[PDB]
Every structure is written in structure tokens, then in C-alpha cells.
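Sequence first, structure after; it's an experimental one.
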Amino acid sequence: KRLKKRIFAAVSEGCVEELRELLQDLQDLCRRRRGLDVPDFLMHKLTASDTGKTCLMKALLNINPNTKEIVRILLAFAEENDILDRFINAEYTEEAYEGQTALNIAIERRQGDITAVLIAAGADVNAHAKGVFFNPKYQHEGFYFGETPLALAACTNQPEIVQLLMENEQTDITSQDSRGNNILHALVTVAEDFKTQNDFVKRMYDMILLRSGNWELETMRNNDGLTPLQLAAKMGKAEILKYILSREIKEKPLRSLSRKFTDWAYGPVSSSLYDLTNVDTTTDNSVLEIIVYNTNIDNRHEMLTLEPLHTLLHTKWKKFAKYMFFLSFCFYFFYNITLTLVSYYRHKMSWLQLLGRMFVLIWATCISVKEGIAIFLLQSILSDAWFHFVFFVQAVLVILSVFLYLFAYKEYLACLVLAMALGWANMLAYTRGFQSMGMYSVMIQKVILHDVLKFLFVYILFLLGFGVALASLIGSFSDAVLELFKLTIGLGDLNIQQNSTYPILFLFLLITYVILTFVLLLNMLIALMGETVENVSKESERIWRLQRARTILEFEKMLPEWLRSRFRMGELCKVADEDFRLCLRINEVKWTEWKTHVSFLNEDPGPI
Amino acid sequence: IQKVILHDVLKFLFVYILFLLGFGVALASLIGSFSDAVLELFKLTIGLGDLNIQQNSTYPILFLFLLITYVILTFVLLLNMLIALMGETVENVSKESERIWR
Amino acid sequence: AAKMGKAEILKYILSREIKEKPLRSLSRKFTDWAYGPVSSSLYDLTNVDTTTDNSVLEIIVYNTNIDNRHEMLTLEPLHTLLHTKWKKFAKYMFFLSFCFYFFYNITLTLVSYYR
Amino acid sequence: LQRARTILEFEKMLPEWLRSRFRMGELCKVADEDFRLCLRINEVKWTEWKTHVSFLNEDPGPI
Ligand SMILES: COc1ccc2ccc(=O)oc2c1CC=C(C)C
Ligand SMILES: COc1ccc2ccc(=O)oc2c1CC=C(C)C
Ligand SMILES: COc1ccc2ccc(=O)oc2c1CC=C(C)C
Ligand SMILES: COc1ccc2ccc(=O)oc2c1CC=C(C)C
């Protein structure tokens, strides 16, 4: 048993001669074991039974410059012993690291020739790794490359290994794994910005894709049920998503697997067709929908700047929602006027007094029904869900107050005033929907209610400290609050200063409160400017790009299907043989670079 | 910047006058008197209204609420247009001034 | 290094690791394990932590005369260890001290003459 | 500063036996005849790429 560990030590070192003679000793052990015929006696002596690690495994852990000689001897030892398939394709037995198959290790240790010999040995190169480490619940715990030796070298930027694994016979590029992912998913899953990662995730996405040659291995969906394009949306990885939409290929026999088809070019002017296979909302899950209806990811302002999203989003405003938002704006504007006039300022022939109150009741319900479902469908109060709360609350209190008049409880009038009060509050809520005027204010209403109230929570507590102090100078306590609030106004004067007890002490506590208020009110004035400059100033139009585009698709589901069927952007076009696609046309002009053109949708440039 | 300050302050004032008349009909419901309620609430911007006019006939607890909500929100809004004019009109209107001067 | 407050040398002390085998003992920031792009490390705590009467962290705190204390605390074995001591002790300790003195001021003003 | 000032100021206020429970880091062996209390921090790098030869352990994950 010491002899086994001495081998593991000889595994751990480059002692070539010491490694050889122990195998000569182990060969003599196999000779003396006649009855076993050494199937597993070879296995038992070369492997710790608790962990499943072998001699070839542990040698690939510890890399020395004598490692290549260790490999060629270990493979020479197994081949007389005829158990190399059992030897090389051994795997881990514990639930962590589960089935690692140290061909995986040599990829991770980046040894190309050592990898080539194991391929030349034949090592089941589509070996699915498992284990809690390879599929971690947390980011700090493990590393999720997607359980594939091919995808590992892809994820670890070793393109020659990606090249060398590419032309094996039983490679099976289309493989799936635990969590249901394909090789492109993990490439999306493991990606960052141009900071901290430089374009290899893009390029290794490209390099494997040219070998593919089929629309499948993008049409596949995971166990979550998502395409790599869909998973690009849900993960929100921006830099890969730019590459997907503008993926064009000049090289002829596989120009089919391409997007952004070049329509025509005539010198500095060209036109192009961006594909709409799954971007537009004609399908239940679309690219544009997932980017809108998620708050948890990040960075939604960046992704919407990208081109086939950006123009298509602009067109849907122009043909639908600029009419739709202005119409919704005018109806609720008439609704608030309809509330306040017939409150008490104004029943047989008086039709328009009665039909006016009827018009209030019918429209407030449909808002309350639609918002009541929508709130029940769903973090939230930071953006737009607190707003959709107030629309529902204001609608109910209109309905609730009139129903108090039916049961004649006297608070029907008082609840009616609160309903009309919040009716103008939601009238302020449409002011963000203009391009400019609400949006610098509304997102800073998020900020100015935060920063001034924390000053006011100081200041009201700063108020009541001085208030009980002067009340001790001889409800009168509530009157002392009202007296000291006049000092903020300036209404208190010299004659009220003529105290009964200690005029010298009463003269001190006044002027200390005056100056410190001038200290504090100047301080929040200064500190708001230095903090909210250029950060809240930019984040304002960020949410303006959000909450507009939020509502645009929210208007889109409100339209009927037959009227949607008229308004379909883009057009059915033929980019290749036996293919017909709806695509979006965008004209543009470049001047800087200059190239002759070989890829054409048409010969004739102009619109026919 | 008279081109600019008439644009940016009036859109605040078109909010604020509409922000005025919403509170104006609310306190008028607390018992032309409607035009007098505008003149009463404009005194609050001046500071002329005081404690004795607060002694309402109906619901003093509700009349105490609608005053102080208008005071703070006015201090919110008038501070907001003060901040937003500085961050927007810096260095762009400041350069475009001498452009038109040329 | 702490008392003089020389920052640039102090970064070299804490992350002083050596790959060269026969003297890898005289090293700090021991590499735990690495698997591709993910690695773990062990920063030593020979004299940094306050288990000894004079420690590195103590001298950086309890001096005003030197300079530049914001720079030195950005350094790594200080920075994480300082963050952990907030989380396991002082966020409970400061909030508890905050609530007692908050109750204390209310306890002062009420029984002044109101009751 | 003043946060981290008070943190160590709270530290001396604690008793020794309760401090003895809360000891950050762990006793580990980095070399022969050496045992040290050290702090573990995980991190991720992408830019440079090197094969690894210096190891505390062969097995990456927490056991
Ligand atoms: C009005 O159309 C919209 C609407 C929303 C967004 C949101 C993000 C964005 O970056 O772009 C957008 C556009 C395009 C604007 C123009 C001037 C072509
Ligand atoms: C165009 O109609 C609109 C417009 C705007 C809104 C705003 C919020 C909302 O929840 O509902 C709305 C509706 C639906 C009302 C009807 C009568 C179908
Ligand atoms: C709350 O933990 C603290 C406390 C104090 C300091 C002081 C200096 C410093 O630069 O870093 C600090 C941290 C670390 C914060 C995080 C979020 C890891
Ligand atoms: C946790 O206890 C606290 C909390 C906060 C402070 C603040 C300043 C101070 O000088 O002393 C303090 C103490 C010690 C009091 C006791 C009863 C042991």
C-alpha cells in the first residue's frame, strides 16, 4: 500500500527512472495474480477508490517539464495491459467534480500536443461533465462552462484546441447537457463587456458557427425553453447581441446563414435588410418583449440603442402610439374637468348633467378593471408600478364614494374630495409622456423626495428639539410649534420675545435656531447640486427611453389582432433559394472606407 | 436666454398654475368664492395666510392636511425648476448666446 | 511601514508571492487553487489582525498625524477584513447603540415637567 | 475613516471570550512545519492567461 502511494509520489514528480521500475514491480504483481486476470486489480492499484482519481489524472494536475515523458509511459503501460479504454475514460465518483475525465484537465492546463495524443488514443471527446462544482448555484462557488470539453476550450480562449476538436469523427457539435444548453448558450452565459473581455467570446462564437452550416444549433431551445438569441436577451449580454443582429457573411456557399442582408450599394450609398425572425412581437416570446418586460437584469438603455430594435421601436411610435398616447391624454384630461365641476358647483330633462356623471362612472370602471388585472399579474415602486397603483386607487375611490351615497353614510362627500385630489395627481403622471418636460422632473421626483425628506426628517426633529426648549421658558406645546414655525416665515417679532423668565436665556435660544436653520437650509441647497449633477441628469433620459418604450408595447397588446394584421412592418423578401423572410429596410451612407461590392440582393439600386 | 427662460419657466408655470387650481377647488370644498380661494392660496406663496384663517368650519383635521401638502410640494417644485435649469442650460446655451451675438 | 504610512511599499508586503520552489515559504498571498479564469487565494494574517497588542490595522486607524489614510485602507487584506468585522459585529452594535440613545433623549424631555 | 475608527473602537469593548468565538480566517498549512491563520478571497480574471504551477491544493472546490 506504500507502493501505491510511492507511485502517486512518482506521479507528483518528474522522476522518470523511479516511475519506470515501479511499473516493472507492478507488472510482476500482475504476474503473481493468476486467478484475478487483473481487470480491476490494475484499476484498484492505480486509483484511490474514494475519489476516482487515477495516475494519469494526478499527473495532469501537476505540470512539470518532464510531464510528456510521464504520459508516453503511462500509455505504454496500459497497452500491454489492454485496459486503456478503462484507463483513459475513467471518471470521478464523488458527487462533486462528477465525472471529470482528465482529458478535460489537459484542455484546462492548455497542452495541445498532450491533448492530441489523448485524441489519438481516443478519449470520448463529448464527455459530459457533471458535479456541483461544474454547475454551481452561486458565482463564487464554481464555474459554469456548460459541461463540454469543446465548449471549455471555447470558453477558455484556446482556438487551436477548438480547431483540433472540430474535426473529430464523433464530436457531435449539436450536443445538449444538464440545464439543456448548447455550446452557444454557455458562450452567451459566459460573456462580459469590452472591459475585462476582448472579443474572443464573439470570435469563438463565429469560429464554431462557420463549421455548423445549419440553421439548427440556433433553433434549439434549452430546458428553460430559450434560444441563444432569447438567452442573450434574458442574460442581457449586450456585446454578443450586437454580433447576432449584424451577422453577415460574404463567403458564397453559406451566405444563407447570415443576417443583415445587403440590398444594393451604389458608391457611398447602400441599403440593407435586417431580419425579423424572432425579434418582432408576432411570436409569443420575442427579443423586444424580453428586453422591455424585465427589471432585474441591468443596462436596458444600452441594448435598445442597437439597430434593428431601435428603428422598429421608432416606427411603432409613429404609426400607432403618438395617436394612441395623445388620445389617452385628452380623455383623461376631460375626465378630471368632468370630476371637479359637477362635485357641487352645478333630474328629468337635465340630460347633460346626468349623462356627465354617467360618463364618469362607466370609464372609471374600465380603468379599474384593467389595472386590477395588471397589478394582479405582478423592485416595483422605484418605477411605474407605484404609478399603476395610483391609477387603480384613484379609480376605486371614485366608485367607492358614490356607493357611500347609496347607503347614505355622510363621508361620501369627504371621500369624493380625496378622489378628485388624486385625479390631478395622476394628471401629473401623464406629464412624463412628453419628450422633454416631465422626464427630467419625474425621475428626479424619485430623487428629490429622497434627499429633501431625509433633510426634513432631520429638520422636523431639529424643529421639535427647539420647540420643547422654548416651551420650558415661562396645548401650549403645540402652540410653541406654531410660534417657532412663524420664525421660519418671519412672523414672530420683538414683542413676543419679552419673556417672563430669563430674557437673556430666551434671547440665546432664538438666535441659535435662526442661524442654524440658515446653515441647514443652505446645506441641503448645496449638497443637492453637487450630488445630482450629471448622474441624475443622464439617468433621466434613460428612463425616458424606458417608460416610453415600456408603454408602447403596452399599447401594442391593447390593439386587436385584425388591426394589427394590417400594420405589419417590413416586407416578405427572398434572400436565398427556397427562403422567404420578413425583413426591415434601412438606408444609410458611408464615406470613409471604400470597397467594391460583390454581395447583392439586387442589381438595380433604386426602389421599383 | 429669454428665448430659453420663457420656454422652461412657462412650462413649469403651466404645471404650477394647474398645480394651483387643483388645490384651489379642494379647499373651496372645505366649508366668486372660488376666485377668492385662488387669492387665499396665492397668499400662502407670499406667506400672508396664518393660523386664524386655518380655523375652518368643517373638518379641521382634513383642512390641516391639504395646506401642508401644498406647502411642501411647492417647495419641491420651485426647487426642482431651480435645479433643472442650471444642469440643462450650462455650457450649451452659454455658448449659443455669443453665436447669435455674432 | 504603517507608522511612516508609506503606501506603495505596503502593497508589496501583503501580496508578496514567489513561484520559485525552494523558497516559496517566504511568501504571502498563497494561491489556493485556480481553474481557468477562477482562482482563490490566502492572504496571511501574521501581524495584521488585532490578536496581537500592536497590529497593522490598529496603527493605520489610531494615527492622525501621518497622511493619506484613505489610500492605505483600500489595500486588499485590510479592506475585506474590515468589511467582515462590520457585518458580524458592528452593524448590530451600532444600531443597538443608536436605539438606546434615541430612547434616552425621549426619556429626558418627557419627564422634565410634563409628567 | 470614522466608520472604521468606531469599528475597532467597538472591538475593544467586546469581551475576550466572545471575541474568541469570532475569529476570521482559518488555520491552514501552506508549507512544511508551518500553520497559519489566513483569509480566503475568491476572484475572477480574464485578460492574461497562464498555466498554473503553484497550488495549495489539487482540488478546486470547497470540501
Ligand atoms: C420615438 O422613437 C423612439 C422611442 C424610443 C426609443 C428608446 C430607446 C432608444 O434609444 O431609442 C428610441 C426611439 C428612436 C428615436 C429616434 C429619434 C429615431
Ligand atoms: C385607449 O384607451 C385607453 C387609454 C389609456 C389607458 C391608460 C391606462 C389604462 O389602464 O387604461 C387605458 C385605456 C383603456 C380604456 C378603454 C375604454 C379600452
Ligand atoms: C462596510 O465595510 C467597509 C467599511 C469600511 C471601509 C473603509 C475604507 C474602505 O475603503 O473600505 C471599506 C469597507 C468595505 C465596503 C464594502 C462594500 C466591501
Ligand atoms: C453598547 O453599549 C454602548 C454603546 C454606545 C456607546 C457610545 C459611546 C460611549 O461612550 O459609550 C457607549 C456604550 C457602552 C455602554 C455600556 C452600558 C456598556
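The structure has been received and is ready for your questions. Residues are numbered from 1 along each chain as shown, chains lettered A, B, ... in the order given. Ligands and ions are numbered 1, 2, ... in the order given.

Any residues of chain A in contact with chain C? List them.
Taking CB under 8 Å from any CB of the partner chain as the criterion, the neighbours of chain C within chain A are A:108, A:142, A:143, A:145, A:152, A:155, A:156, A:468, A:472, A:477. In short, each C-beta sits where N, CA and C put it, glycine included.

which residues touch residue A:65?
Residue A:65 makes contact with residue A:14, according to CB atoms under 8 Å, 6 or more residues apart in numbering or on different chains.

Name the SS class of it, please.
With DSSP: H, G, I helix; E, B strand; the rest coil as the basis, residue A:65 sits in coil.

List phi and psi for it.
Note on residue A:65: its backbone torsions stand at phi -70, psi 0 [degrees, to the nearest 10].

State the distance from it to residue A:113.
Using CB to CB, to the nearest Å, residue A:65 is found at 13 Å from residue A:113.

check the residues of chain A next to chain C against chain D, which are close?
Counting by CB under 8 Å from any CB, the members of those near chain D are A:142, A:156.

and the residues of chain A next to chain C, which are buried?
Buried members of the residues of chain A next to chain C, counted by 16 or more other CB atoms under 10 Å in any protein chain shown: A:108, A:142, A:143, A:145, A:152, A:155, A:156, A:468.

Can you tell me which residue of the stretch 251-400 of chain A sits closest to ligand 1?
Taking CB to the nearest ligand atom as the measure, the stretch 251-400 of chain A has residue A:314 as its residue closest to ligand 1, at 3.6 Å.

That residue belongs to a strand, doesn't it?
No: per three-state DSSP, residue A:314 lies outside any strand segment and is helix.

hmm, who's touching stretch A:284-302?
By CB under 8 Å, 6+ apart, the residues outside stretch A:284-302 that reach it are A:226, A:229-230, A:233-236, A:238, A:278-281, A:303-304, A:309, A:312-313, A:379, A:383, A:542, A:545-546, A:549-550, A:553.

Next, the buried residues of that stretch.
Within stretch A:284-302, the residues scored as buried using 16+ other CB under 10 Å are A:286, A:287, A:288, A:289, A:290, A:291, A:292, A:300.

Wasn't residue A:401 part of a helix?
Yes: the assignment for residue A:401 by three-state DSSP puts it in a helix.

give me the number of residues near it?
Neighbour count of residue A:401, defined by other CB atoms under 10 Å in any protein chain shown: 19.

got the residues of chain A near chain B?
Going by CB under 8 Å from any CB, the residues of chain A near chain B are A:340, A:343-345, A:413-414, A:417, A:420-421, A:424, A:427-428, A:431, A:437, A:440-441, A:444-445, A:448-449, A:452, A:456, A:482, A:489-491, A:528-529, A:532-534, A:537.

7 Å - rerun?
Chain A comes close to chain B at residues A:340, A:343, A:414, A:417, A:421, A:424, A:431, A:437, A:440-441, A:444, A:448, A:452, A:482, A:489, A:491, A:528-529, A:532-533, A:537, as judged by CB under 7 Å from any CB of the partner chain.

any chance you could map the strands in chain A?
For chain A, the strands defined by DSSP state E cover A:261-266, A:269-275, A:571-576, A:579-589.

for those strands, which one sits closest to ligand 2?
strand A:579-589 (26.9 Å).

and the closest one with ligand 1, contact?
No: Strand A:579-589 lies out of reach of ligand 1 by CB under 6 Å from any ligand atom, never closer than 11.2 Å.

Pairing partners for that strand, with directions?
Strand pairing for strand A:579-589, using DSSP bridges, gives strand A:269-275 (antiparallel), strand A:571-576 (antiparallel).

quick one: buried residues of the longest one?
For strand A:269-275, burial by neighbour count (16+ other CB under 10 Å) applies to A:270, A:271, A:272, A:273, A:274, A:275.

quick one: that strand to strand A:261-266, angle?
Calculated by axes from the mean of the first three to the mean of the last three CA atoms, to 10 degrees, strand A:269-275 forms an angle of 170 degrees with strand A:261-266.

What of the shortest one?
If you take the same axes, to 10 degrees, strand A:571-576 sits at 90 degrees to strand A:261-266.

contacting residues around strand A:571-576?
For strand A:571-576, the external contacting residues (CB atoms under 7 Å, 6 or more residues apart in numbering or on different chains) are A:255, A:256, A:261, A:273, A:580, A:581, A:582, A:583, A:601.

now stretch A:120-134
Stretch A:120-134 is touched from outside by A:75, A:84, A:88-89, A:95-101, A:103-104, A:119, A:142-143, A:147, A:149, A:165, A:168, A:170-172, A:175, A:177-178, D:60-61, with contacts defined as CB under 7 Å, 6+ apart.

And the residues you listed, which of them are buried?
With neighbours counted by 16+ other CB under 10 Å, these contain buried members at A:75, A:84, A:88, A:96-101, A:103-104, A:119, A:142-143, A:147, A:149, A:165, A:175, A:177, D:60-61.

now check stretch A:48-63, is it near chain D?
Yes: using CB under 7 Å from any CB, stretch A:48-63 reaches chain D at A:58, A:61, A:63.

ok, the last one touching residue A:108?
No: the criterion here is CB atoms under 7 Å, and residue A:63 misses it with residue A:108 at 10.8 Å.

quick one, the lengthiest helix in chain A and helix C:91-110 angle?
Across chain A, the longest stretch assigned as helix under DSSP state H is helix A:439-471. For helix A:439-471 against helix C:91-110, the angle by the same axes, to 10 degrees is 50 degrees.

tell me what helix A:439-471 is packed against?
With contacts taken as 3 or more CB pairs under 7 Å, 6 or more residues apart in numbering or on different chains; DSSP states H and E, helix A:439-471 sits against helix A:476-489, helix A:503-532, helix A:536-556, helix B:60-89.

Pull the distance from the last one to the chain's centre.
What that stands for is helix B:60-89. On the basis of CA atoms, centre = their mean, to the nearest Å, helix B:60-89 sits 7 Å off its chain's mean C-alpha point.

which ones are touching the nearest residue to residue A:94 once chain neighbours are set aside?
Computed as CB to CB, 6 or more residues apart in numbering or on different chains, the closest residue to residue A:94 that is not its neighbour in sequence is residue A:51, at 5.9 Å. Taking CB under 7 Å, 6+ apart, we find residue A:51 in contact with A:92, A:93, A:94.
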